[PDB]
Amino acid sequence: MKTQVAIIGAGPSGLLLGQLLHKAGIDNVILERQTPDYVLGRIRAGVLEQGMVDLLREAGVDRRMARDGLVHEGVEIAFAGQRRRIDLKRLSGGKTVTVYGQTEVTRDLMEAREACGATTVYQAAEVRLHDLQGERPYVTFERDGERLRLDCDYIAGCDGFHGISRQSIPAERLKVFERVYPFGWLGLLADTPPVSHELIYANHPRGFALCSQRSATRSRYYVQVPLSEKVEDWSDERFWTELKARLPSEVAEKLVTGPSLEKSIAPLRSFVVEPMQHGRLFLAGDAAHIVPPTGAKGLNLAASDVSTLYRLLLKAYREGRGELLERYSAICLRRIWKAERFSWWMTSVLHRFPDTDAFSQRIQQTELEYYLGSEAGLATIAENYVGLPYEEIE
């Protein structure tokens, strides 16, 4: 096979980049290890930044989101028997976020790509990268038995945290920055109306809790749990009972519960590699960095990496300015770190950490009181939540 840009991974990152590149006349082939249905089984993200929303419209894949998505102008934080609303629209200068499931986004992109006739190879096993330092790199893989080769000009590693792309770069050329948190998020998707029209992040003595949604009739709740917990030990009943216990009584009382459509435990981690490229290989999304879900930045950083890489690839193909691709990592890393810092802060002030001394506890409580009780404080939260502006490039 032969293409211009080879893309590893049919997740949100690969699909969005592929779609974007396709519409601009740049040939691209996506290689996915799993099956279409397997990819669609992942719930994940719910909050999208305006930047991601715009990138979707630019990909021509926004019909459904426009119709089914919900724009939120604020979020609530509950702590120490208080409930503080963060007016995102007002504090950020008019910016908002949109609630639209990652599953739907992925689905919208997949159907759109199939309709356009772009190349996507699912169940592509043993993906291996080759000749990344040359001008003619290629990818090898196995499909239903035989080994195939895909020649290209550039490879976009969009294969997630455990993708092969980041492992295809000489370790000594990369610097890893990482932190694993002493707890995970037990999530529960239920076909019930959300308890609130806006998200509710709750710091409670018993632990973190979050009330989110996917639509007017679909909810997504999370509760903090230690690493030792196994999802099989948490029945829907146990979840609802614990969730209720971590929420203000006036909220737990009217909460509509129901059987889970999906339950699982996701560990929290911050991760960043520098640089994010190597020769003809560029890493995007989870392949290059991870953030705890607390700040709703994971998918949105994948979006900004993709926007940056796409625009640089345009410059390269349309304008023969391939040397600009050298600025990919630098550009992306600046937005990444600021998003990592916010995600870390959110995680830091909303979760209960084991072995917390009296001082740390008081500081965490005061962080909320100050940031939630100051116009300037609220502003640092809002502007970061809606997401910082994309860097123009060039």
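Counting begins at 1, following the sequence as shown.
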| property | result |
| --- | --- |
| Between 88 to 96 and 285 to 293 (mean CA B-factor, as deposited), the higher | 88 to 96 |
| Stretch with the greater mean C-alpha B-factor as recorded in the entry, comparing 62 to 70 against 341 to 349 | 62 to 70 |
| Among 242, 191, 114, 159 - the residue whose C-alpha B-factor is largest in the record | 114 |
| 301, 276, 210, 171, ranked by C-alpha B-factor: the highest one | 171 |
| Assigned third (lowest, middle, highest) for the C-alpha B factor of residue 335 | lowest |
| Cα B factor band for residue 258 (lowest, middle or highest third within the chain) | middle |
| Ranked against its chain, the third holding the CA B-factor of residue 167 | middle |
| Third of the chain, ranked by Cα B-factor, where residue 47 sits | lowest |
| Third assignment of residue 251 from its chain's C-alpha B-factors | highest |
